[PDB]
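Structure file start31.tsv (TSV, C-alpha atoms) is printed below.
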```tsv
chain	number	residue	atom	x	y	z
A	1	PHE	CA	92.03	62.02	119.01
A	2	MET	CA	92.79	65.48	120.39
A	3	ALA	CA	94.21	68.74	119.02
A	4	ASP	CA	95.28	71.17	121.74
A	5	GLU	CA	95.20	74.96	121.59
A	6	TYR	CA	96.32	77.63	124.07
A	7	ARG	CA	95.23	80.80	122.24
A	8	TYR	CA	92.80	83.61	122.97
A	9	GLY	CA	91.74	86.94	121.53
A	10	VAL	CA	91.74	90.33	123.23
A	11	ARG	CA	89.25	93.17	123.65
A	12	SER	CA	92.13	95.45	122.82
A	13	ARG	CA	90.94	98.96	121.88
A	14	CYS	CA	87.28	99.88	122.40
A	15	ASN	CA	87.96	103.53	121.49
A	16	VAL	CA	88.76	102.62	117.86
A	17	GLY	CA	85.66	100.59	117.02
A	18	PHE	CA	81.92	100.96	116.55
A	19	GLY	CA	78.88	98.69	116.41
A	20	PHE	CA	75.10	98.55	116.92
A	21	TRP	CA	73.99	99.35	113.37
A	22	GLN	CA	70.43	99.34	112.03
A	23	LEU	CA	72.06	98.82	108.67
A	24	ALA	CA	70.10	100.03	105.64
A	25	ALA	CA	70.93	101.92	102.44
A	26	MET	CA	67.51	102.93	101.11
A	27	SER	CA	66.86	106.52	102.21
A	28	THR	CA	68.21	109.98	101.40
A	29	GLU	CA	69.38	110.59	104.97
A	30	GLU	CA	67.07	108.46	107.12
A	31	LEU	CA	69.10	105.23	106.76
A	32	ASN	CA	72.36	106.21	105.04
A	33	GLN	CA	73.32	109.52	106.64
A	34	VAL	CA	72.03	108.57	110.11
A	35	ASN	CA	73.53	105.06	110.49
A	36	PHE	CA	76.66	104.70	108.34
A	37	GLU	CA	77.65	108.37	108.42
A	38	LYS	CA	76.91	108.55	112.15
A	39	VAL	CA	79.32	105.67	112.75
A	40	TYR	CA	81.79	107.32	110.37
A	41	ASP	CA	81.84	110.63	112.23
A	42	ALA	CA	81.83	108.92	115.63
A	43	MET	CA	84.95	107.00	114.62
A	44	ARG	CA	86.77	110.03	113.20
A	45	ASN	CA	85.77	112.40	116.03
A	46	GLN	CA	87.18	110.38	118.94
A	47	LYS	CA	89.35	112.44	121.30
A	48	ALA	CA	92.26	110.96	123.23
A	49	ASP	CA	91.86	113.33	126.19
A	50	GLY	CA	90.00	116.31	124.70
A	51	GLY	CA	91.18	118.44	121.79
B	1	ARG	CA	82.89	148.66	95.90
B	2	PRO	CA	82.79	144.85	95.99
B	3	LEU	CA	85.45	143.06	98.00
B	4	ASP	CA	85.87	140.47	95.20
B	5	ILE	CA	85.82	137.50	97.56
B	6	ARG	CA	86.70	134.07	96.14
B	7	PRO	CA	85.60	131.49	98.74
B	8	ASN	CA	87.60	128.35	98.00
B	9	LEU	CA	88.08	126.74	101.45
B	10	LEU	CA	85.33	124.94	103.36
B	11	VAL	CA	86.39	123.77	106.83
B	12	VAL	CA	83.79	121.84	108.85
B	13	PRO	CA	83.79	119.41	111.78
B	14	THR	CA	84.00	115.67	111.22
B	15	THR	CA	80.24	115.17	111.58
B	16	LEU	CA	79.75	117.44	108.54
B	17	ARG	CA	82.47	115.84	106.39
B	18	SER	CA	80.05	113.61	104.48
B	19	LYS	CA	77.55	116.42	103.89
B	20	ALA	CA	80.30	118.80	102.75
B	21	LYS	CA	81.59	116.16	100.34
B	22	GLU	CA	78.05	115.76	99.02
B	23	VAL	CA	77.77	119.53	98.53
B	24	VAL	CA	81.11	119.53	96.68
B	25	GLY	CA	82.08	116.18	95.17
B	26	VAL	CA	78.92	114.74	93.60
B	27	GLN	CA	76.58	115.89	90.84
B	28	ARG	CA	73.41	115.14	92.84
B	29	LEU	CA	72.81	116.60	96.29
B	30	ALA	CA	70.47	114.20	98.09
B	31	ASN	CA	67.58	113.36	95.73
B	32	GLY	CA	69.05	113.02	92.24
B	33	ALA	CA	68.09	116.60	91.36
B	34	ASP	CA	71.43	118.39	90.81
B	35	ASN	CA	74.43	119.89	92.60
B	36	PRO	CA	75.14	123.48	91.51
B	37	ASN	CA	78.19	123.58	93.80
B	38	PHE	CA	80.01	120.54	92.36
B	39	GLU	CA	83.75	121.16	92.00
B	40	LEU	CA	83.28	124.65	93.45
B	41	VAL	CA	85.00	124.75	96.87
B	42	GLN	CA	87.54	122.12	97.89
B	43	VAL	CA	86.45	120.94	101.34
B	44	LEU	CA	88.99	120.14	104.05
B	45	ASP	CA	87.81	118.35	107.17
B	46	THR	CA	88.89	119.20	110.70
B	47	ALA	CA	88.49	117.55	114.09
B	48	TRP	CA	90.09	120.18	116.35
B	49	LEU	CA	86.74	121.93	116.98
B	50	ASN	CA	83.40	120.91	118.47
```
I'd like the structure from this file rewritten - as structure tokens, please.
Amino acid sequence: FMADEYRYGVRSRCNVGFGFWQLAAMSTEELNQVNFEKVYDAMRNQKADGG
Amino acid sequence: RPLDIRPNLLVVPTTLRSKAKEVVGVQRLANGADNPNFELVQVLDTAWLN
């Protein structure tokens, strides 16, 4: 018995995503403000062509 | 004579948005001690610089 599919995902927009986290929430700034906040600011500081 | 300045705007780059919100927006700064500047200057973030 067979169930066919013809779908696929897309690596659509790599300028609107982030990864590679050493996730941890147990430090004043060593693990919160350097991993989650770093990703935060990297996401919200992306420039389309500069400016 | 004093200028009588009333600083009420804090504009910082995106990388400083979280720290500015901590300075103004929470009772504790980074160690549960206190935040003397809570509800003092309303911070607006900006990404047109740096």
Given only C-alpha atoms as the basis, pick out the residue of B:46, B:27, B:35, B:14 nearest to chain A.
B:14
Using all atoms listed in the file, I'd like a table of the residues in chain A that come within 8 Å of chain B; for each, show the closest atom pair and its distance in Å rounded to one decimal, ordered by chain and ascending number, as a tab-separated table.
```
residue	atom	partner	partner_atom	distance
A:28	CA	B:30	CA	5.8
A:29	CA	B:30	CA	7.8
A:37	CA	B:18	CA	7.0
A:38	CA	B:15	CA	7.4
A:41	CA	B:15	CA	4.9
A:42	CA	B:15	CA	7.6
A:44	CA	B:14	CA	6.6
A:45	CA	B:14	CA	6.1
A:51	CA	B:48	CA	5.8
```
Take the residues from that selection and write them out as a CSV table (one decimal), in the coordinates of the input, keeping C-alpha atoms.
```csv
chain,number,residue,atom,x,y,z
A,28,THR,CA,68.2,110.0,101.4
A,29,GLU,CA,69.4,110.6,105.0
A,37,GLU,CA,77.6,108.4,108.4
A,38,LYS,CA,76.9,108.6,112.2
A,41,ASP,CA,81.8,110.6,112.2
A,42,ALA,CA,81.8,108.9,115.6
A,44,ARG,CA,86.8,110.0,113.2
A,45,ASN,CA,85.8,112.4,116.0
A,51,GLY,CA,91.2,118.4,121.8
```
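Put simply, CA of residue 9 (chain B) is 13.7 Å away from CA of residue 25 (chain B).
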To one decimal place in Å, what is the distance between CA of residue 17 (chain A) and CA of residue 40 (chain A)?
10.2 Å
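Of note, CA of residue 10 (chain A) and CA of residue 47 (chain A) are spaced 22.3 Å apart.
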Taking every listed atom of region 22-38 of chain B and adding 4 Å to each side, what centre and edge lengths in Å (one decimal) does the axis-aligned box have, as JSON?
```
{"center_x": 74.8, "center_y": 118.3, "center_z": 94.9, "size_x": 22.5, "size_y": 18.6, "size_z": 16.2}
```
Save region 17-47 of chain B to disk from that block, N, CA and C atoms included, as an mmCIF file, in the first residue's frame.
```
data_model
loop_
_atom_site.group_PDB
_atom_site.id
_atom_site.type_symbol
_atom_site.label_atom_id
_atom_site.label_comp_id
_atom_site.auth_asym_id
_atom_site.auth_seq_id
_atom_site.Cartn_x
_atom_site.Cartn_y
_atom_site.Cartn_z
ATOM 1 N N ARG B 17 18.911 47.800 23.073
ATOM 2 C CA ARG B 17 17.491 47.884 23.409
ATOM 3 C C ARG B 17 17.186 47.140 24.703
ATOM 4 N N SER B 18 17.693 45.912 24.832
ATOM 5 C CA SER B 18 17.410 45.120 26.024
ATOM 6 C C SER B 18 17.986 45.776 27.272
ATOM 7 N N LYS B 19 19.221 46.272 27.187
ATOM 8 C CA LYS B 19 19.839 46.912 28.342
ATOM 9 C C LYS B 19 19.118 48.202 28.713
ATOM 10 N N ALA B 20 18.685 48.980 27.718
ATOM 11 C CA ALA B 20 17.932 50.194 28.009
ATOM 12 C C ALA B 20 16.599 49.865 28.667
ATOM 13 N N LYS B 21 15.925 48.817 28.191
ATOM 14 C CA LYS B 21 14.680 48.394 28.823
ATOM 15 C C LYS B 21 14.922 47.945 30.257
ATOM 16 N N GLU B 22 16.040 47.260 30.503
ATOM 17 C CA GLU B 22 16.385 46.886 31.871
ATOM 18 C C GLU B 22 16.603 48.121 32.736
ATOM 19 N N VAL B 23 17.305 49.122 32.203
ATOM 20 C CA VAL B 23 17.549 50.344 32.965
ATOM 21 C C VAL B 23 16.228 51.021 33.307
ATOM 22 N N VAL B 24 15.326 51.108 32.333
ATOM 23 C CA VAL B 24 13.998 51.679 32.525
ATOM 24 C C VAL B 24 12.984 50.640 32.071
ATOM 25 N N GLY B 25 12.291 50.023 33.026
ATOM 26 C CA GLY B 25 11.287 49.031 32.697
ATOM 27 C C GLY B 25 11.213 47.872 33.671
ATOM 28 N N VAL B 26 12.183 47.768 34.579
ATOM 29 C CA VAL B 26 12.204 46.706 35.575
ATOM 30 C C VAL B 26 12.750 47.267 36.881
ATOM 31 N N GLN B 27 12.300 46.684 37.994
ATOM 32 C CA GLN B 27 12.684 47.194 39.306
ATOM 33 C C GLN B 27 14.111 46.806 39.673
ATOM 34 N N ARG B 28 14.604 45.687 39.153
ATOM 35 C CA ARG B 28 15.951 45.209 39.427
ATOM 36 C C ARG B 28 16.805 45.361 38.177
ATOM 37 N N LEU B 29 18.071 45.734 38.366
ATOM 38 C CA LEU B 29 18.909 46.062 37.215
ATOM 39 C C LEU B 29 19.484 44.805 36.566
ATOM 40 N N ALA B 30 20.390 44.119 37.262
ATOM 41 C CA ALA B 30 20.894 42.844 36.766
ATOM 42 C C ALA B 30 21.216 41.839 37.862
ATOM 43 N N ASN B 31 20.996 42.161 39.139
ATOM 44 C CA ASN B 31 21.357 41.247 40.216
ATOM 45 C C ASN B 31 20.327 41.245 41.341
ATOM 46 N N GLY B 32 19.111 41.718 41.083
ATOM 47 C CA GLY B 32 18.104 41.755 42.122
ATOM 48 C C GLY B 32 18.332 42.814 43.174
ATOM 49 N N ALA B 33 19.188 43.800 42.897
ATOM 50 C CA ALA B 33 19.484 44.827 43.896
ATOM 51 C C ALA B 33 18.410 45.910 43.907
ATOM 52 N N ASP B 34 18.280 46.645 42.805
ATOM 53 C CA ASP B 34 17.296 47.714 42.665
ATOM 54 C C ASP B 34 17.475 48.338 41.287
ATOM 55 N N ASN B 35 16.552 49.234 40.942
ATOM 56 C CA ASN B 35 16.637 50.017 39.711
ATOM 57 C C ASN B 35 16.162 51.430 40.021
ATOM 58 N N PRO B 36 17.080 52.331 40.380
ATOM 59 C CA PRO B 36 16.665 53.706 40.699
ATOM 60 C C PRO B 36 16.028 54.434 39.533
ATOM 61 N N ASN B 37 16.248 53.974 38.304
ATOM 62 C CA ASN B 37 15.795 54.672 37.110
ATOM 63 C C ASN B 37 14.509 54.090 36.538
ATOM 64 N N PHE B 38 13.847 53.195 37.266
ATOM 65 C CA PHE B 38 12.607 52.609 36.777
ATOM 66 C C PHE B 38 11.570 53.694 36.517
ATOM 67 N N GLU B 39 10.903 53.594 35.367
ATOM 68 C CA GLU B 39 9.846 54.532 34.992
ATOM 69 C C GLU B 39 10.347 55.972 35.065
ATOM 70 N N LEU B 40 11.562 56.191 34.565
ATOM 71 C CA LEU B 40 12.204 57.498 34.603
ATOM 72 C C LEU B 40 12.296 58.128 33.219
ATOM 73 N N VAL B 41 12.889 57.428 32.255
ATOM 74 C CA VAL B 41 12.987 57.895 30.876
ATOM 75 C C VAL B 41 12.404 56.815 29.977
ATOM 76 N N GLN B 42 11.428 57.188 29.154
ATOM 77 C CA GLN B 42 10.834 56.249 28.211
ATOM 78 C C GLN B 42 11.799 56.038 27.051
ATOM 79 N N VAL B 43 12.247 54.800 26.874
ATOM 80 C CA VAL B 43 13.282 54.477 25.900
ATOM 81 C C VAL B 43 12.628 54.131 24.571
ATOM 82 N N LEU B 44 13.123 54.741 23.500
ATOM 83 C CA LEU B 44 12.742 54.392 22.141
ATOM 84 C C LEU B 44 13.959 53.802 21.443
ATOM 85 N N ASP B 45 13.762 52.687 20.753
ATOM 86 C CA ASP B 45 14.856 52.030 20.059
ATOM 87 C C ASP B 45 14.948 52.532 18.623
ATOM 88 N N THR B 46 16.148 52.418 18.061
ATOM 89 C CA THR B 46 16.417 52.904 16.719
ATOM 90 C C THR B 46 17.451 52.004 16.059
ATOM 91 N N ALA B 47 17.271 51.777 14.757
ATOM 92 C CA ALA B 47 18.168 50.928 13.985
ATOM 93 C C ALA B 47 18.758 51.650 12.781
#
```
